[PDB]
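Notes follow once the structure below has been shown.
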Amino acid sequence: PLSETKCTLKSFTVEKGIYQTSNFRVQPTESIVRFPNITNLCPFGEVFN
Amino acid sequence: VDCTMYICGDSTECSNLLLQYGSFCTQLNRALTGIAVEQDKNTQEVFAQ
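Line by line, the protein sequences give chains B and A.
For the deposited numbering, count along the first sequence from 1 and bump the result up by 294.
For the deposited numbering, count along the second sequence from 1 and bump the result up by 735.
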């Protein structure tokens with residue numbers, strides 16, 4: 295974190311304060327893909343049952 | 736502004752294209768930071784009397 299600041303400021307020494315050096319973002323852990331169901335349920339059971 | 740997110744972030748392909756512009760939005764991230772600091776100093780001048 296101190297070296298994040300030193301390069302951001304182009305310096306080998308740092309003055310007191312807060313320096314923004316980057317950004318963080320949380321990435322996806324899973325993919326949720328949802329497509330709607332078919333109302334007219336398929337009669338496979340009419341051949342098997 | 737997270738200018739990566741603003742232009743097109745969380746994409747390898749967008750990042751590679753955004754990077755062809757160097758510091759094009761970095762300078763604005765710095766300009767907004769400078770404005771926010773000026774606004775804090777301005778608040779202190781008005782109220783911390």
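Ideal placement from N, C-alpha and C gives every residue a C-beta, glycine not left out.
Do residue j and residue i have their beta-carbon atoms positioned less than 9 angstroms apart in this structure?
i	j	result
A/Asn777	A/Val736	no
B/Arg319	A/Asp775	no
B/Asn334	A/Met740	no
A/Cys743	A/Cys760	no
B/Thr299	B/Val308	yes
Just confirm the distance between the C-beta atoms of residue i and residue j, as a whole number of angstroms; I'd bet it's less than 8 angstroms.
i	j	result
B/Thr323	B/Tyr313	The pair is not a contact, with the Cβ atoms about 30 angstroms apart (cut-off 8 angstroms).
What are the boundary residues of the alpha helix (DSSP H) that includes residue i?
i	result
A/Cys738	738–743
B/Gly311	Looking at the DSSP string, B/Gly311 is not in any alpha helix (DSSP H), and its letter there is neither H nor E.
B/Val327	Element bounds for B/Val327: n/a, residue is neither H nor E.
B/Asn331	Looking at the DSSP string, B/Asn331 is not in any alpha helix (DSSP H), and its letter there is neither H nor E.
B/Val320	Careful: B/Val320 lies outside any alpha helix (DSSP H) and carries neither H nor E.
A/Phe782	761–782
B/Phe342	339–342
A/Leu752	747–753
Taking Cβ-Cβ distances shorter than 9 angstroms, what residues in chain B pair up with residue i?
i	result
A/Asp775	By Cβ distance, chain B contributes nothing, its closest Cβ being about 12 angstroms from A/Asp775, past 9 angstroms.
Identify the contact partners of residue i in chain B, using a Cβ-Cβ distance below 8 angstroms as the criterion.
i	result
A/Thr739	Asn317
Using a Cβ cut-off of 7 angstroms, pull out every chain B residue sitting near residue i, in sequence order please.
i	result
A/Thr768	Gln314
Contact residues within the region 741–755 of chain A, judged by C-beta distance below 8 angstroms to chain B: Closer than 8 angstroms at the C-beta level to chain B, one finds these residues of the region 741–755 of chain A: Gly744, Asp745.
Interfacial residues, the region 305–328 of chain B to chain A, with Cβ spacing under 9 angstroms: When C-beta distances to chain A are compared with 9 angstroms, the residues of the region 305–328 of chain B below that value are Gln314, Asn317, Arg319, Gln321, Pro322, in chain order.
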